[PDB]
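Inspection log for the structure reproduced underneath, given as structure tokens.
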Amino acid sequence: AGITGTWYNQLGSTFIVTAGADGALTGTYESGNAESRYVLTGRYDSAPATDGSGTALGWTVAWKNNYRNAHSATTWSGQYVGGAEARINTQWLXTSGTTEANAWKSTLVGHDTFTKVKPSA
Amino acid sequence: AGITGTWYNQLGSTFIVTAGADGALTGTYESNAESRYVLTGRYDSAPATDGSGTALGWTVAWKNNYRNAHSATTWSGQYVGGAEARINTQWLXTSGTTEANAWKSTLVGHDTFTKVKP
Amino acid sequence: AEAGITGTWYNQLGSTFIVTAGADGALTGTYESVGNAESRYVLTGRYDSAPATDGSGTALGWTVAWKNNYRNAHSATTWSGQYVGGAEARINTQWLXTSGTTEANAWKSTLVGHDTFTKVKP
Amino acid sequence: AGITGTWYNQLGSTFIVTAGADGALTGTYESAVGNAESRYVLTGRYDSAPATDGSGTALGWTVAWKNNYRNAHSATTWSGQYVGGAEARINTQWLXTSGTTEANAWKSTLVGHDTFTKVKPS
């Protein structure tokens, strides 16, 4: 509950997601041209605690579509926090395909927060 | 592609995955049915053939019909083919927390998977 | 030349740290969760003392081991980040906290997160 | 021995460290990869009174990648623990942040993991 919808991060990328009754996340991630749209899939806790805790979840986008392939994939891990203004707070890992000699620089890390409203600025 | 099949991490877990032609990863992660969980993810279905690995990632939410830890792990990494084939990953586990505890919500670590047991 | 880093920084959760940025690249100071002694710990780290002039941030990092004369949590946090100058100067960081664990519990030894520090006590 | 000594990671970097009585780590880091040549200063902290229940010893340190030869405008922190034994090891995860503009801040930080032994691998 509450997860399905369109979400926007602080840099205005758009995460359109559906949360299925089974725990599945499915949808699209973009930033508005078709060439910038990618499939996403993930999982979320479909029976969260009832004590005030958020709902754990995660998803992946591989950065290949019909138009572009960056040979890389990002995973977001986080929790949905419901209520007045719902947010999803995440930290993410992007791994690029590398040779073994370059594997030490394969993975970037950062954090994104998503709300159902587009950001200002 | 080389990803579909059974993989083992270095600490007794088994990752059973099918890599679909559409770039999907689907499968299960275990350890016994009480210890088994659905996973889903995505991978680069057209990687480079220049010696670079194949990027990928997937998620397990730690709920099944028996147990629920109210947490989810994501793995981000690359498959490296060859005679000693491996999937090398870094992972983040986020637990559901209150706002006050959100600073201790996420563990980070790494896992290497191989096609034969440890 | 002024690095702009020396002084008192606050995150959005209470915590305060007081740092000196030495001419040799050193960061030295204290980190405190209110300001009582039992909440104060030694900080040490390093920063780039000749950053780029193209508008990029100044890379830096520091460590606090969570032991003082009063308490010992058997853990240490590192913050890795960059200072961004201006009227609203900020240090944006990602941090890792590692707790000492047995080998069996080593998978749950390290937490990760992010914090942003400003010069304005919130 | 303990933490003080010369350690090597899996990629052949050399970490020369002294663990002081007061919890200080000091020494030099020499990296086999990246925009890096010769030694760089490191400083950090460690738990100088660890648990006696078989846990490892929490520690962390930072290198800013500027020395008299090269400046990569970046810094790495390592957070981890020392695990004594027959083959003593320091297991860490690390974050490198590069100075970036605001537009590029999303790609400022790499993450990885290093394990160090007192014996050098090939």
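Note on naming: chains are A, B, ... as they come in the structure tokens, residues start from 1 per chain, ligands start from 1 in the order shown.
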
Please provide as a compact mmCIF listing (two decimals) with N, CA, C and O atoms, in the first residue's frame all residues within 8 Å of residue 108 (chain D), with the sequence filter that same-chain residues fewer than 5 positions apart are discarded (counting only C-alpha atoms).
```txt
# COMPACT_ATOMS: atom_id res chain seq x y z
N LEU A 108 29.69 3.07 -8.19
CA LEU A 108 29.38 4.31 -7.52
C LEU A 108 28.31 4.13 -6.48
O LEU A 108 27.49 3.23 -6.56
N UNK D 96 35.58 6.49 -1.82
CA UNK D 96 36.45 7.57 -2.35
C UNK D 96 35.50 8.64 -2.80
O UNK D 96 34.64 8.35 -3.66
N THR D 97 35.67 9.88 -2.32
CA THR D 97 34.93 11.00 -2.90
C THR D 97 35.88 11.89 -3.66
O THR D 97 36.96 12.27 -3.14
N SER D 98 35.50 12.21 -4.91
CA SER D 98 36.30 13.19 -5.70
C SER D 98 35.62 14.55 -5.60
O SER D 98 34.38 14.65 -5.48
N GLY D 99 36.45 15.62 -5.62
CA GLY D 99 35.84 16.99 -5.69
C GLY D 99 35.13 17.13 -7.04
O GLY D 99 35.74 16.81 -8.08
N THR D 100 33.87 17.58 -7.03
CA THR D 100 33.11 17.67 -8.27
C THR D 100 32.38 19.02 -8.27
O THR D 100 32.20 19.64 -7.24
```

Find the residues of chain C in contact range of chain A, meaning any atom within 9 Å when counting only C-alpha atoms, and list them as a list in words.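 Taken together, these residues fit the definition: residues 94, 112, 113 and 114 of chain C.
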
Output C-alpha atoms for every residue in that selection, as a short mmCIF file (atom, residue, chain, number, x, y, z; two decimals), in the first residue's frame.
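So the final result, stored in result_15.cif, reads:
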```cif
data_model
loop_
_atom_site.label_atom_id
_atom_site.label_comp_id
_atom_site.auth_asym_id
_atom_site.auth_seq_id
_atom_site.Cartn_x
_atom_site.Cartn_y
_atom_site.Cartn_z
CA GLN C 94 28.73 9.54 2.86
CA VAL C 112 26.18 3.10 5.59
CA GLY C 113 24.48 6.50 5.34
CA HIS C 114 24.94 10.17 4.38
#
```

Define the interface residues of chain A facing chain B as those within 7 Å, counting only C-alpha atoms, and report them as a count of residues only. 34

Taking 6 positions as the minimum chain separation for residues in the same chain, which residues sit within 10 Å of region 49-55 of chain D when counting only C-alpha atoms? Answer as number ranges by chain. C: 67, 72-75, 99-106; D: 21-23, 81-84

I need the residues in region 2-114 of chain A that are strand (DSSP E) according to DSSP; give them as a ChimeraX atom specification. /A:5-8,14-19,24-30,38-44,55-64,69-81,87-96,107-114

Write down, as a PyMOL selection string, each residue of chain C that has any atom within 7 Å of an atom of chain D, counting only C-alpha atoms. chain C and resi 44-48+51+55-65+67+74-82+96-102

Identify, on the basis of only C-alpha atoms, every residue whose closest approach to residue 10 (chain C) does not exceed 9 Å; exclude the query and any residue fewer than 3 positions from it along the same chain; express the result as a list in words.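 Surrounding residues, per the criterion: residues 13, 14, 15, 16, 17, 18, 116, 117, 118, 119, 120, 121 and 122 of chain C.
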
Residue subset to file, keeping C-alpha atoms, as a short mmCIF file (atom, residue, chain, number, x, y, z; two decimals), in the first residue's frame:
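Okay, this is what ended up in selection36.cif:
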```
data_model
loop_
_atom_site.label_atom_id
_atom_site.label_comp_id
_atom_site.auth_asym_id
_atom_site.auth_seq_id
_atom_site.Cartn_x
_atom_site.Cartn_y
_atom_site.Cartn_z
CA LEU C 13 20.43 15.59 13.80
CA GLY C 14 22.14 17.51 16.65
CA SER C 15 25.78 16.51 16.19
CA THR C 16 28.62 19.04 16.14
CA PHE C 17 32.14 18.90 15.19
CA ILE C 18 34.97 21.30 15.58
CA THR C 116 25.36 17.04 5.37
CA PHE C 117 27.00 19.58 7.61
CA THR C 118 26.56 23.37 7.67
CA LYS C 119 28.05 26.18 9.72
CA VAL C 120 24.66 27.26 11.09
CA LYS C 121 23.60 25.71 14.35
CA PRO C 122 20.11 24.37 13.59
#
```

d(CA of residue 1 (chain C), CA of residue 69 (chain D)) in Å: 19.7 Å

Using DSSP secondary structure from the backbone, list all helix (DSSP H, G or I) positions within chain A, as a PyMOL selection string. chain A and resi 34-36+100-105

Option closest in space to chain B, from C:12, C:36, C:68, C:52 [counting only C-alpha atoms]: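 The closest residue to chain B is C:12.
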